[PDB]
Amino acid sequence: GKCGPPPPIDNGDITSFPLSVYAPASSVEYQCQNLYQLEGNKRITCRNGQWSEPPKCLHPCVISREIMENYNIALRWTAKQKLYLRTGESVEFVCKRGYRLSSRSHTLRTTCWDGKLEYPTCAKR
């Protein structure tokens, strides 16, 4: 019950060189590009001529200084200048002088997920 080549994944690849045919019970492993986060089983196995479901590579986020300025917020730790955030990594923002966390805002601490970072808003005080 041999299987064909392992499926491709965005922003990731298998750790071994791909072959056109794999024997039953064979397995290969994926890893994602730098700063991308693996979701699901990193290993896949050939069972009954079919590969098990491959994983995803979740996107990192980029902290936009443009969005921060527009939202009247700033980074709490500015010497530790993080540009990227891994999925699952969080950041702490502070209001800029003259503003306060707004009513309908996300918490000042926020976690990147698959490229999506929710910036908090601070309103005029």
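Sequential numbering from 1, following the sequence displayed.
Mean CA B-factor, 46-54 versus 75-83: the higher value falls on 75-83. According to the PDB record, 101-109 carries the higher mean C-alpha B-factor of the two stretches 101-109 and 10-18. When the CA B factors of the chain's modelled residues are split into thirds, the value for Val62 lands in the highest one. Ranked by Cα temperature factor within the chain, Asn41 sits in the highest third according to the deposited record. Sort the modelled residues of the chain by CA B factor and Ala123 lands in the lowest third. Annotation for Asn70: C-alpha temperature factor in the lowest third relative to the rest of the modelled chain, per the entry.
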